[PDB]
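Chemist: To start, I am sharing the structure in question, which I have written as structure tokens.
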Amino acid sequence: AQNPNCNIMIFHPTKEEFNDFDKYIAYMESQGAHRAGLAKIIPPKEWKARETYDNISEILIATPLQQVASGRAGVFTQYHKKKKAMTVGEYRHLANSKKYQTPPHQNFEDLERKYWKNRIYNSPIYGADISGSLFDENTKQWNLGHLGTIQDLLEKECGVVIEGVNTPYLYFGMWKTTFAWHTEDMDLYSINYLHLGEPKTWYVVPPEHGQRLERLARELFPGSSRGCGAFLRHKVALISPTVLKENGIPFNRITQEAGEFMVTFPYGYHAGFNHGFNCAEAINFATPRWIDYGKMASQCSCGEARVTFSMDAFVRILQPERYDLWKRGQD
Ligand SMILES: O=C(O)CNC(=O)C(=O)O
Ligand SMILES: [Mg+2]
Ligand code: NI
Ligand SMILES: [Zn+2]
């Protein structure tokens, strides 16, 4: 069995190996990469996502989210307070202001310490989930707006033809902006490219151990657990590495830098934070190996998780017994 300790693997494809996306995912899985729940892919030196970022300040963040925390430093939830629209140029200047900028620090480890010590005491503003792409249309390799769609994968594997579309999303971050513990919708893969700016630190639980994380989350967030049997779908709960280690939960951590891709694998719980002003692009995708995870994915039916148009068909075809209850939650 490859990668039995479920370590995060780092790949360096050649320009030739970067041509065929599906083939390279299958290669990484041949080497056991999926066991970690997360992999890093460093693009060949010849590749570029686009020529420059000199022209992005006019992108609109229609609904910036202020991430307000409640709890204790290692175990907290966050709620998203909607703020007035602002441009990416306006947001970058806010990120760089004295109130929001990254503090002086020695290295990534010191900055991680400061994040877990002090996150709850601030409310950073996140530009999340903005439909769009920063890949040049002429970038042919690993262009997140030109991937095979999840609807097409389901049709190729299962024969069924369904509505829905699959497009990328932009994330503009600042110091302390936070992504809560979650798996993807329908336990899909994700791919995330850090276009520019400061790093993103990731934490991940191996898929084979995901239920250990869920059981701890039920203990740590007991009212949330009574409210919903899949409350991590709400994407609001944080648990620190110190707390995870105290409770014996297997996990790993890695820092993504600008120019690097991360892949999350089906049912790989992940969480993390941004080091400073940055911009990432991410999209969900599927492979044949996903289908069995899609069929078993938990679902939020309490009404909180509220998701995309395209998830309807995935529930309806893969989980027909759950469809009626889940759709009541959506409506
Ligand atoms: O970058 C972020 O804020 C969060 N992204 C992801 O959870 C992802 O790519 O799967
Ligand atoms: Mg612009
Ligand atoms: Ni994710
Ligand atoms: Zn719920």
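The chains in the structure tokens are called A, B, ... from first to last as shown; in each chain the residues are counted from 1, and the ligands are counted from 1 in the order shown.
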Can I get the residues close to ligand 4 as a short mmCIF file (atom, residue, chain, number, x, y, z; two decimals) with C-alpha atoms, in the first residue's frame, where close means within 6 Å and we count only C-alpha atoms and all ligand atoms?

Modeler:
data_model
loop_
_atom_site.label_atom_id
_atom_site.label_comp_id
_atom_site.auth_asym_id
_atom_site.auth_seq_id
_atom_site.Cartn_x
_atom_site.Cartn_y
_atom_site.Cartn_z
CA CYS A 228 -27.67 18.92 12.48
CA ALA A 230 -23.72 17.00 9.29
CA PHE A 231 -23.02 20.38 10.77
CA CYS A 300 -26.99 18.81 5.75
CA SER A 301 -30.84 18.84 5.62
CA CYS A 302 -31.30 21.50 8.48
CA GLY A 303 -31.27 24.37 6.05
CA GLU A 304 -28.01 25.99 7.00
CA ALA A 305 -25.61 24.62 4.35
#

Chemist: For ligand 3, collect every residue having any atom at a distance of at most 12 Å from a ligand atom (counting only C-alpha atoms and all ligand atoms); output as a count of residues only.

Modeler: 45

Chemist: Compare A:278, A:240, A:3, A:57 by their minimum atom-to-atom distance to ligand 2, counting only C-alpha atoms and all ligand atoms, and give me the closest one.

Modeler: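 Distance minimum relative to ligand 2 lands on A:57.
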
Chemist: Which of range 245-321 of chain A counts as helix (DSSP H, G or I) under DSSP, as a list in words please?

Modeler: residues 245, 246, 290, 291, 292, 293, 294, 295, 296, 311, 312, 313, 314, 315, 316, 317, 318, 320 and 321 of chain A

Chemist: Keeping only N, CA and C atoms, write the selected residues as a short mmCIF file (atom, residue, chain, number, x, y, z; two decimals), in the first residue's frame.

Modeler:
data_model
loop_
_atom_site.label_atom_id
_atom_site.label_comp_id
_atom_site.auth_asym_id
_atom_site.auth_seq_id
_atom_site.Cartn_x
_atom_site.Cartn_y
_atom_site.Cartn_z
N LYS A 245 -4.02 17.34 18.35
CA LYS A 245 -2.99 16.46 18.94
C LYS A 245 -3.44 16.01 20.32
N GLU A 246 -4.06 16.85 21.11
CA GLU A 246 -4.48 16.42 22.46
C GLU A 246 -5.47 15.31 22.42
N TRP A 290 -14.07 9.05 -7.45
CA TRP A 290 -15.02 9.86 -6.63
C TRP A 290 -16.41 9.24 -6.49
N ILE A 291 -16.89 8.55 -7.54
CA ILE A 291 -18.33 8.21 -7.56
C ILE A 291 -18.78 7.52 -6.24
N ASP A 292 -17.98 6.57 -5.76
CA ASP A 292 -18.35 5.90 -4.54
C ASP A 292 -18.40 6.80 -3.30
N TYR A 293 -17.55 7.82 -3.27
CA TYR A 293 -17.61 8.83 -2.22
C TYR A 293 -18.84 9.71 -2.37
N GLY A 294 -19.18 10.09 -3.59
CA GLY A 294 -20.41 10.84 -3.80
C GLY A 294 -21.70 10.16 -3.31
N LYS A 295 -21.74 8.86 -3.53
CA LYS A 295 -22.87 8.04 -3.09
C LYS A 295 -23.02 7.99 -1.57
N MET A 296 -21.91 8.09 -0.86
CA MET A 296 -21.91 7.96 0.64
C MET A 296 -21.80 9.28 1.34
N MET A 311 -25.68 20.93 -7.33
CA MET A 311 -25.73 19.82 -6.37
C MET A 311 -27.02 19.04 -6.39
N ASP A 312 -28.12 19.65 -6.85
CA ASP A 312 -29.40 18.96 -6.94
C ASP A 312 -29.26 17.68 -7.65
N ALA A 313 -28.76 17.69 -8.87
CA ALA A 313 -28.66 16.51 -9.68
C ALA A 313 -27.79 15.47 -9.08
N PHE A 314 -26.68 15.88 -8.41
CA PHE A 314 -25.80 14.88 -7.80
C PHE A 314 -26.55 14.10 -6.70
N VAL A 315 -27.32 14.78 -5.87
CA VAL A 315 -28.11 14.16 -4.80
C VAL A 315 -29.18 13.25 -5.43
N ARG A 316 -29.88 13.83 -6.44
CA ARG A 316 -30.98 13.13 -7.06
C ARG A 316 -30.57 11.84 -7.68
N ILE A 317 -29.42 11.78 -8.36
CA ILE A 317 -28.96 10.56 -9.01
C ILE A 317 -28.19 9.66 -8.08
N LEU A 318 -27.24 10.17 -7.27
CA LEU A 318 -26.42 9.31 -6.44
C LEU A 318 -27.09 8.91 -5.13
N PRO A 320 -30.80 8.93 -4.21
CA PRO A 320 -32.25 9.15 -4.34
C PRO A 320 -33.03 8.98 -3.03
N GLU A 321 -32.60 8.11 -2.12
CA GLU A 321 -33.33 7.96 -0.84
C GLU A 321 -33.25 9.27 -0.06
#

Chemist: Please extract the residues of range 48-196 of chain A with a backbone DSSP assignment of strand (DSSP E) and present them as a PDB file with N, CA, C and O atoms, in the first residue's frame.

Modeler:
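Generated file (states.pdb):
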ATOM      1  N   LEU A  60     -14.684  43.320  -8.661  1.00  0.00           N
ATOM      2  CA  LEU A  60     -15.535  43.683  -7.598  1.00  0.00           C
ATOM      3  C   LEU A  60     -15.722  42.481  -6.693  1.00  0.00           C
ATOM      4  O   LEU A  60     -16.032  41.365  -7.117  1.00  0.00           O
ATOM      5  N   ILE A  61     -15.583  42.760  -5.401  1.00  0.00           N
ATOM      6  CA  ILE A  61     -16.009  41.910  -4.327  1.00  0.00           C
ATOM      7  C   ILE A  61     -17.379  42.421  -3.840  1.00  0.00           C
ATOM      8  O   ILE A  61     -17.498  43.355  -3.035  1.00  0.00           O
ATOM      9  N   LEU A  65     -16.910  39.444   3.382  1.00  0.00           N
ATOM     10  CA  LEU A  65     -17.455  38.765   4.595  1.00  0.00           C
ATOM     11  C   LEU A  65     -16.476  39.046   5.756  1.00  0.00           C
ATOM     12  O   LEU A  65     -15.303  38.667   5.704  1.00  0.00           O
ATOM     13  N   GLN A  66     -17.007  39.617   6.844  1.00  0.00           N
ATOM     14  CA  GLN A  66     -16.191  39.850   8.097  1.00  0.00           C
ATOM     15  C   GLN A  66     -16.345  38.614   8.919  1.00  0.00           C
ATOM     16  O   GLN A  66     -17.486  38.240   9.251  1.00  0.00           O
ATOM     17  N   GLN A  67     -15.261  37.953   9.309  1.00  0.00           N
ATOM     18  CA  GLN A  67     -15.300  36.647   9.905  1.00  0.00           C
ATOM     19  C   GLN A  67     -15.159  36.821  11.412  1.00  0.00           C
ATOM     20  O   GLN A  67     -14.036  36.958  11.965  1.00  0.00           O
ATOM     21  N   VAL A  68     -16.288  36.829  12.115  1.00  0.00           N
ATOM     22  CA  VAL A  68     -16.363  37.107  13.532  1.00  0.00           C
ATOM     23  C   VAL A  68     -16.318  35.811  14.325  1.00  0.00           C
ATOM     24  O   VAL A  68     -17.187  34.919  14.122  1.00  0.00           O
ATOM     25  N   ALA A  69     -15.373  35.659  15.284  1.00  0.00           N
ATOM     26  CA  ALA A  69     -15.196  34.396  16.015  1.00  0.00           C
ATOM     27  C   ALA A  69     -15.877  34.388  17.383  1.00  0.00           C
ATOM     28  O   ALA A  69     -15.997  35.472  18.006  1.00  0.00           O
ATOM     29  N   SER A  70     -16.250  33.177  17.819  1.00  0.00           N
ATOM     30  CA  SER A  70     -16.798  32.978  19.205  1.00  0.00           C
ATOM     31  C   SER A  70     -16.214  31.697  19.728  1.00  0.00           C
ATOM     32  O   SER A  70     -16.181  30.668  19.004  1.00  0.00           O
ATOM     33  N   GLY A  71     -15.809  31.656  20.994  1.00  0.00           N
ATOM     34  CA  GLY A  71     -15.299  30.443  21.625  1.00  0.00           C
ATOM     35  C   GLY A  71     -13.993  30.698  22.308  1.00  0.00           C
ATOM     36  O   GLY A  71     -13.811  31.706  22.927  1.00  0.00           O
ATOM     37  N   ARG A  72     -13.083  29.744  22.275  1.00  0.00           N
ATOM     38  CA  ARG A  72     -11.737  29.874  22.830  1.00  0.00           C
ATOM     39  C   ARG A  72     -10.727  29.738  21.689  1.00  0.00           C
ATOM     40  O   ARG A  72     -11.039  29.271  20.588  1.00  0.00           O
ATOM     41  N   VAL A  75     -10.682  26.380  19.895  1.00  0.00           N
ATOM     42  CA  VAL A  75     -11.970  25.784  19.530  1.00  0.00           C
ATOM     43  C   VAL A  75     -12.956  26.859  19.413  1.00  0.00           C
ATOM     44  O   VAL A  75     -13.448  27.438  20.449  1.00  0.00           O
ATOM     45  N   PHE A  76     -13.299  27.263  18.183  1.00  0.00           N
ATOM     46  CA  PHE A  76     -14.176  28.399  17.956  1.00  0.00           C
ATOM     47  C   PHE A  76     -15.010  28.208  16.719  1.00  0.00           C
ATOM     48  O   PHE A  76     -14.692  27.360  15.892  1.00  0.00           O
ATOM     49  N   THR A  77     -16.067  28.991  16.656  1.00  0.00           N
ATOM     50  CA  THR A  77     -16.806  29.103  15.387  1.00  0.00           C
ATOM     51  C   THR A  77     -16.672  30.472  14.880  1.00  0.00           C
ATOM     52  O   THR A  77     -16.283  31.407  15.553  1.00  0.00           O
ATOM     53  N   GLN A  78     -17.000  30.653  13.579  1.00  0.00           N
ATOM     54  CA  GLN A  78     -16.987  31.968  12.948  1.00  0.00           C
ATOM     55  C   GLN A  78     -18.289  32.182  12.162  1.00  0.00           C
ATOM     56  O   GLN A  78     -18.802  31.259  11.541  1.00  0.00           O
ATOM     57  N   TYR A  79     -18.787  33.417  12.248  1.00  0.00           N
ATOM     58  CA  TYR A  79     -19.926  33.756  11.422  1.00  0.00           C
ATOM     59  C   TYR A  79     -19.516  34.824  10.490  1.00  0.00           C
ATOM     60  O   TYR A  79     -18.547  35.582  10.760  1.00  0.00           O
ATOM     61  N   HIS A  80     -20.182  34.932   9.366  1.00  0.00           N
ATOM     62  CA  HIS A  80     -19.826  35.806   8.309  1.00  0.00           C
ATOM     63  C   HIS A  80     -20.796  36.943   8.313  1.00  0.00           C
ATOM     64  O   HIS A  80     -22.010  36.771   7.993  1.00  0.00           O
ATOM     65  N   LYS A  81     -20.340  38.137   8.645  1.00  0.00           N
ATOM     66  CA  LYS A  81     -21.072  39.375   8.577  1.00  0.00           C
ATOM     67  C   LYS A  81     -20.862  40.049   7.255  1.00  0.00           C
ATOM     68  O   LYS A  81     -19.766  40.364   6.847  1.00  0.00           O
ATOM     69  N   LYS A  82     -21.946  40.275   6.488  1.00  0.00           N
ATOM     70  CA  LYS A  82     -21.834  40.913   5.179  1.00  0.00           C
ATOM     71  C   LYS A  82     -21.471  42.370   5.256  1.00  0.00           C
ATOM     72  O   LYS A  82     -22.046  43.117   6.096  1.00  0.00           O
ATOM     73  N   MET A  86     -16.713  46.248  -2.318  1.00  0.00           N
ATOM     74  CA  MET A  86     -15.508  46.988  -2.587  1.00  0.00           C
ATOM     75  C   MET A  86     -14.669  46.364  -3.738  1.00  0.00           C
ATOM     76  O   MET A  86     -14.847  45.146  -4.033  1.00  0.00           O
ATOM     77  N   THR A  87     -13.851  47.123  -4.424  1.00  0.00           N
ATOM     78  CA  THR A  87     -13.011  46.582  -5.471  1.00  0.00           C
ATOM     79  C   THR A  87     -11.828  45.798  -4.858  1.00  0.00           C
ATOM     80  O   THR A  87     -11.504  45.988  -3.652  1.00  0.00           O
ATOM     81  N   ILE A 125     -11.559  40.396   7.024  1.00  0.00           N
ATOM     82  CA  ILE A 125     -12.590  40.477   5.965  1.00  0.00           C
ATOM     83  C   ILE A 125     -12.086  39.655   4.808  1.00  0.00           C
ATOM     84  O   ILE A 125     -10.922  39.802   4.422  1.00  0.00           O
ATOM     85  N   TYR A 126     -12.970  38.715   4.320  1.00  0.00           N
ATOM     86  CA  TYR A 126     -12.615  37.677   3.292  1.00  0.00           C
ATOM     87  C   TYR A 126     -13.522  37.976   2.016  1.00  0.00           C
ATOM     88  O   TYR A 126     -14.732  38.223   2.133  1.00  0.00           O
ATOM     89  N   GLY A 127     -12.916  38.043   0.823  1.00  0.00           N
ATOM     90  CA  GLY A 127     -13.663  38.037  -0.430  1.00  0.00           C
ATOM     91  C   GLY A 127     -13.695  36.681  -0.984  1.00  0.00           C
ATOM     92  O   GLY A 127     -12.893  36.390  -1.886  1.00  0.00           O
ATOM     93  N   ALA A 128     -14.678  35.939  -0.624  1.00  0.00           N
ATOM     94  CA  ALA A 128     -14.895  34.524  -0.997  1.00  0.00           C
ATOM     95  C   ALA A 128     -15.926  34.215  -2.009  1.00  0.00           C
ATOM     96  O   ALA A 128     -16.959  34.883  -2.164  1.00  0.00           O
ATOM     97  N   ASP A 129     -15.732  33.114  -2.707  1.00  0.00           N
ATOM     98  CA  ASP A 129     -16.713  32.550  -3.516  1.00  0.00           C
ATOM     99  C   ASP A 129     -17.227  33.528  -4.623  1.00  0.00           C
ATOM    100  O   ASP A 129     -18.425  33.587  -4.918  1.00  0.00           O
ATOM    101  N   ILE A 130     -16.277  34.137  -5.308  1.00  0.00           N
ATOM    102  CA  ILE A 130     -16.542  35.117  -6.379  1.00  0.00           C
ATOM    103  C   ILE A 130     -16.454  34.340  -7.690  1.00  0.00           C
ATOM    104  O   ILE A 130     -15.358  33.917  -8.090  1.00  0.00           O
ATOM    105  N   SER A 131     -17.554  34.149  -8.450  1.00  0.00           N
ATOM    106  CA  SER A 131     -17.472  33.398  -9.708  1.00  0.00           C
ATOM    107  C   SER A 131     -16.538  34.135 -10.659  1.00  0.00           C
ATOM    108  O   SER A 131     -16.687  35.373 -10.874  1.00  0.00           O
ATOM    109  N   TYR A 169     -14.071  29.667  -8.822  1.00  0.00           N
ATOM    110  CA  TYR A 169     -14.304  30.743  -7.922  1.00  0.00           C
ATOM    111  C   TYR A 169     -13.004  31.371  -7.422  1.00  0.00           C
ATOM    112  O   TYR A 169     -11.995  30.671  -7.176  1.00  0.00           O
ATOM    113  N   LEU A 170     -13.046  32.682  -7.261  1.00  0.00           N
ATOM    114  CA  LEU A 170     -11.913  33.507  -6.757  1.00  0.00           C
ATOM    115  C   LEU A 170     -12.117  33.758  -5.276  1.00  0.00           C
ATOM    116  O   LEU A 170     -13.246  33.945  -4.781  1.00  0.00           O
ATOM    117  N   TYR A 171     -10.986  33.795  -4.566  1.00  0.00           N
ATOM    118  CA  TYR A 171     -10.872  34.071  -3.124  1.00  0.00           C
ATOM    119  C   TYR A 171      -9.851  35.111  -2.919  1.00  0.00           C
ATOM    120  O   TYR A 171      -8.703  34.840  -3.121  1.00  0.00           O
ATOM    121  N   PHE A 172     -10.237  36.261  -2.323  1.00  0.00           N
ATOM    122  CA  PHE A 172      -9.265  37.300  -1.986  1.00  0.00           C
ATOM    123  C   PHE A 172      -9.164  37.260  -0.474  1.00  0.00           C
ATOM    124  O   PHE A 172     -10.155  37.376   0.216  1.00  0.00           O
ATOM    125  N   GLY A 173      -7.944  37.056   0.080  1.00  0.00           N
ATOM    126  CA  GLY A 173      -7.686  36.877   1.540  1.00  0.00           C
ATOM    127  C   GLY A 173      -6.832  37.996   2.057  1.00  0.00           C
ATOM    128  O   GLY A 173      -6.190  38.715   1.337  1.00  0.00           O
ATOM    129  N   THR A 178      -9.851  32.882   7.299  1.00  0.00           N
ATOM    130  CA  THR A 178      -9.928  31.519   7.762  1.00  0.00           C
ATOM    131  C   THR A 178     -10.912  30.645   6.989  1.00  0.00           C
ATOM    132  O   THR A 178     -12.020  31.111   6.715  1.00  0.00           O
ATOM    133  N   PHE A 179     -10.515  29.452   6.591  1.00  0.00           N
ATOM    134  CA  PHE A 179     -11.450  28.476   6.071  1.00  0.00           C
ATOM    135  C   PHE A 179     -11.637  27.363   7.102  1.00  0.00           C
ATOM    136  O   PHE A 179     -10.677  26.762   7.607  1.00  0.00           O
ATOM    137  N   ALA A 180     -12.884  27.155   7.509  1.00  0.00           N
ATOM    138  CA  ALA A 180     -13.264  26.214   8.514  1.00  0.00           C
ATOM    139  C   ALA A 180     -13.117  24.762   8.076  1.00  0.00           C
ATOM    140  O   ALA A 180     -13.033  24.491   6.872  1.00  0.00           O
ATOM    141  N   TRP A 181     -13.132  23.835   9.046  1.00  0.00           N
ATOM    142  CA  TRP A 181     -13.037  22.409   8.733  1.00  0.00           C
ATOM    143  C   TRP A 181     -14.205  21.925   7.883  1.00  0.00           C
ATOM    144  O   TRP A 181     -15.360  22.077   8.271  1.00  0.00           O
ATOM    145  N   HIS A 182     -13.850  21.362   6.739  1.00  0.00           N
ATOM    146  CA  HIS A 182     -14.922  20.845   5.826  1.00  0.00           C
ATOM    147  C   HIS A 182     -14.347  19.851   4.866  1.00  0.00           C
ATOM    148  O   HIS A 182     -13.126  19.819   4.570  1.00  0.00           O
ATOM    149  N   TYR A 189     -13.475  16.242  -5.232  1.00  0.00           N
ATOM    150  CA  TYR A 189     -12.118  16.817  -5.152  1.00  0.00           C
ATOM    151  C   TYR A 189     -12.242  18.312  -5.208  1.00  0.00           C
ATOM    152  O   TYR A 189     -13.247  18.888  -5.736  1.00  0.00           O
ATOM    153  N   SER A 190     -11.193  19.031  -4.797  1.00  0.00           N
ATOM    154  CA  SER A 190     -10.976  20.427  -5.160  1.00  0.00           C
ATOM    155  C   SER A 190      -9.590  20.628  -5.675  1.00  0.00           C
ATOM    156  O   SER A 190      -8.659  19.874  -5.289  1.00  0.00           O
ATOM    157  N   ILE A 191      -9.398  21.643  -6.488  1.00  0.00           N
ATOM    158  CA  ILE A 191      -8.078  22.128  -6.871  1.00  0.00           C
ATOM    159  C   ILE A 191      -8.006  23.608  -6.655  1.00  0.00           C
ATOM    160  O   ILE A 191      -8.981  24.306  -7.010  1.00  0.00           O
ATOM    161  N   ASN A 192      -6.951  24.117  -6.070  1.00  0.00           N
ATOM    162  CA  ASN A 192      -6.770  25.475  -5.684  1.00  0.00           C
ATOM    163  C   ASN A 192      -5.443  25.964  -6.142  1.00  0.00           C
ATOM    164  O   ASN A 192      -4.391  25.354  -5.811  1.00  0.00           O
ATOM    165  N   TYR A 193      -5.427  27.046  -6.913  1.00  0.00           N
ATOM    166  CA  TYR A 193      -4.208  27.708  -7.379  1.00  0.00           C
ATOM    167  C   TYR A 193      -4.055  29.060  -6.683  1.00  0.00           C
ATOM    168  O   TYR A 193      -4.982  29.867  -6.665  1.00  0.00           O
ATOM    169  N   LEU A 194      -2.893  29.292  -6.037  1.00  0.00           N
ATOM    170  CA  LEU A 194      -2.592  30.569  -5.413  1.00  0.00           C
ATOM    171  C   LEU A 194      -1.973  31.512  -6.454  1.00  0.00           C
ATOM    172  O   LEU A 194      -0.776  31.339  -6.758  1.00  0.00           O
ATOM    173  N   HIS A 195      -2.782  32.391  -7.000  1.00  0.00           N
ATOM    174  CA  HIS A 195      -2.315  33.257  -8.083  1.00  0.00           C
ATOM    175  C   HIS A 195      -1.239  34.239  -7.626  1.00  0.00           C
ATOM    176  O   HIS A 195      -0.284  34.468  -8.399  1.00  0.00           O
ATOM    177  N   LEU A 196      -1.412  34.847  -6.476  1.00  0.00           N
ATOM    178  CA  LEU A 196      -0.524  35.930  -6.106  1.00  0.00           C
ATOM    179  C   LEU A 196      -0.625  36.111  -4.609  1.00  0.00           C
ATOM    180  O   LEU A 196      -1.583  35.696  -3.953  1.00  0.00           O
TER     181      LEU A 196
END

Chemist: Between A:48, A:250, A:225, A:112, which residue has the minimum interatomic distance to residue 212 in chain A, considering only C-alpha atoms?

Modeler: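 Looking only at the distances to residue 212 in chain A, the closest residue turns out to be A:250.
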
Chemist: Mind giving me the straight-line distance from CA of residue 249 in chain A to CA of residue 116 in chain A in Å, one decimal?

Modeler: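 So the answer is 17.5 Å.
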
Chemist: Please provide as a list in words all residues within 10 Å of residue 140 in chain A, with the sequence filter that same-chain residues fewer than 5 positions apart are discarded (counting only C-alpha atoms).

Modeler: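 Answer for this query is residues 18, 19, 47, 48, 49, 135 and 146 of chain A.
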
Chemist: Could those residues be written to a file, using N, CA, C and O atoms, as a PDB file, in the first residue's frame?

Modeler:
ATOM      1  N   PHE A  18       2.508  17.686 -17.645  1.00  0.00           N
ATOM      2  CA  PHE A  18       1.478  18.729 -17.286  1.00  0.00           C
ATOM      3  C   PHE A  18       0.431  18.811 -18.359  1.00  0.00           C
ATOM      4  O   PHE A  18      -0.494  19.640 -18.261  1.00  0.00           O
ATOM      5  N   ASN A  19       0.532  18.079 -19.492  1.00  0.00           N
ATOM      6  CA  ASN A  19      -0.483  18.177 -20.532  1.00  0.00           C
ATOM      7  C   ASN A  19      -1.807  17.543 -20.244  1.00  0.00           C
ATOM      8  O   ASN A  19      -2.862  18.213 -20.472  1.00  0.00           O
ATOM      9  N   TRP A  47       5.858  26.954 -17.232  1.00  0.00           N
ATOM     10  CA  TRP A  47       4.395  27.265 -17.251  1.00  0.00           C
ATOM     11  C   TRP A  47       4.124  28.575 -16.549  1.00  0.00           C
ATOM     12  O   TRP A  47       4.776  28.972 -15.560  1.00  0.00           O
ATOM     13  N   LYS A  48       3.038  29.247 -16.970  1.00  0.00           N
ATOM     14  CA  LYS A  48       2.530  30.438 -16.295  1.00  0.00           C
ATOM     15  C   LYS A  48       0.993  30.477 -16.391  1.00  0.00           C
ATOM     16  O   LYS A  48       0.420  30.047 -17.356  1.00  0.00           O
ATOM     17  N   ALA A  49       0.312  30.958 -15.337  1.00  0.00           N
ATOM     18  CA  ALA A  49      -1.138  31.048 -15.354  1.00  0.00           C
ATOM     19  C   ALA A  49      -1.628  32.176 -16.251  1.00  0.00           C
ATOM     20  O   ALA A  49      -2.659  32.065 -16.921  1.00  0.00           O
ATOM     21  N   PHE A 135      -7.120  32.769 -15.017  1.00  0.00           N
ATOM     22  CA  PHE A 135      -6.250  32.048 -16.025  1.00  0.00           C
ATOM     23  C   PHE A 135      -6.417  32.750 -17.363  1.00  0.00           C
ATOM     24  O   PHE A 135      -7.557  33.007 -17.818  1.00  0.00           O
ATOM     25  N   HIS A 146     -11.001  25.423 -17.702  1.00  0.00           N
ATOM     26  CA  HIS A 146     -11.091  24.502 -18.882  1.00  0.00           C
ATOM     27  C   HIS A 146     -11.053  23.084 -18.496  1.00  0.00           C
ATOM     28  O   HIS A 146     -10.701  22.240 -19.330  1.00  0.00           O
TER      29      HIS A 146
END

Chemist: Counting only C-alpha atoms and all ligand atoms, which residues in chain A sit no more than 7 Å from ligand 2? For each one, give the nearest pair of atoms and the distance in Å, sorted by chain then residue number, as a Markdown table.

Modeler:
| residue | atom | partner | partner_atom_place_in_ligand_line | distance |
| --- | --- | --- | --- | --- |
| A:55 | CA | ligand 2 | 1 (Mg) | 4.9 |
| A:56 | CA | ligand 2 | 1 (Mg) | 3.6 |
| A:57 | CA | ligand 2 | 1 (Mg) | 4.5 |
| A:58 | CA | ligand 2 | 1 (Mg) | 3.2 |
| A:59 | CA | ligand 2 | 1 (Mg) | 4.7 |

Chemist: Restricted to N, CA, C and O atoms, what would the selected residues look like written as a PDB file, in the first residue's frame?

Modeler:
ATOM      1  N   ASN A  55      -3.346  44.104 -13.742  1.00  0.00           N
ATOM      2  CA  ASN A  55      -4.581  44.632 -14.063  1.00  0.00           C
ATOM      3  C   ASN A  55      -5.877  44.094 -13.330  1.00  0.00           C
ATOM      4  O   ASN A  55      -6.932  44.045 -14.008  1.00  0.00           O
ATOM      5  N   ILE A  56      -5.761  43.689 -12.009  1.00  0.00           N
ATOM      6  CA  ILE A  56      -6.851  43.020 -11.235  1.00  0.00           C
ATOM      7  C   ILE A  56      -7.625  43.822 -10.240  1.00  0.00           C
ATOM      8  O   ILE A  56      -8.598  43.406  -9.634  1.00  0.00           O
ATOM      9  N   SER A  57      -7.201  45.098 -10.039  1.00  0.00           N
ATOM     10  CA  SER A  57      -7.765  45.882  -9.014  1.00  0.00           C
ATOM     11  C   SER A  57      -9.180  46.277  -9.256  1.00  0.00           C
ATOM     12  O   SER A  57      -9.880  46.723  -8.376  1.00  0.00           O
ATOM     13  N   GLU A  58      -9.671  46.145 -10.520  1.00  0.00           N
ATOM     14  CA  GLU A  58     -11.055  46.492 -10.847  1.00  0.00           C
ATOM     15  C   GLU A  58     -12.095  45.405 -10.695  1.00  0.00           C
ATOM     16  O   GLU A  58     -13.291  45.647 -10.815  1.00  0.00           O
ATOM     17  N   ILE A  59     -11.655  44.190 -10.371  1.00  0.00           N
ATOM     18  CA  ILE A  59     -12.561  43.123  -9.968  1.00  0.00           C
ATOM     19  C   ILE A  59     -13.399  43.593  -8.754  1.00  0.00           C
ATOM     20  O   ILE A  59     -12.822  44.280  -7.854  1.00  0.00           O
TER      21      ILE A  59
END

Chemist: Calculated over only C-alpha atoms, which of the candidates A:261, A:297, A:229, A:52 has the smallest distance to residue 143 in chain A?

Modeler: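 Residue with the minimum atom-to-atom distance to residue 143 in chain A: A:261.
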
Chemist: Near residue 30 in chain A, counting only C-alpha atoms, which residues have an atom at most 10 Å away, once you skip same-chain residues fewer than 3 positions from it, shown as a ChimeraX atom specification?

Modeler: /A:1-3,24-27,33-34

Chemist: Please report the interatomic distance between CA of residue 176 in chain A and CA of residue 106 in chain A in Å with one decimal.

Modeler: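 Atom-to-atom, CA of residue 176 in chain A and CA of residue 106 in chain A are spaced 16.7 Å apart.
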
Chemist: List as an MDAnalysis selection string the protein and nucleic acid residues near range 306-308 of chain A, meaning an atom at most 10 Å away when only C-alpha atoms are counted, but skip any in the same chain fewer than 6 places from it.

Modeler: chainID A and resid 164:166 185 233:234 300 326:327 329:331

Chemist: Hey, what's within 7 Å of residue 260 in chain A if we count only C-alpha atoms and toss same-chain stuff fewer than 3 positions away? As a count of residues only, please?

Modeler: 7

Chemist: In terms of the shortest atom-to-atom distance over only C-alpha atoms and all ligand atoms, which of A:39, A:216, A:8, A:73 is closest to ligand 1?

Modeler: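 Closest to ligand 1, using only C-alpha atoms and all ligand atoms: A:39.
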
Chemist: Between A:220, A:158, A:153, A:144, which has the minimum distance to ligand 1 (counting only C-alpha atoms and all ligand atoms)?

Modeler: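 That would be A:144, the residue with the smallest distance to ligand 1.
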
Chemist: Which value, in Å to one decimal, gives the distance between CA of residue 123 in chain A and CA of residue 54 in chain A?

Modeler: 28.4 Å

Chemist: Go through A:134, A:160, A:62, A:111 and flag the residue nearest residue 83 in chain A, using only C-alpha atoms for the distances.

Modeler: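 The closest residue to residue 83 in chain A is A:62.
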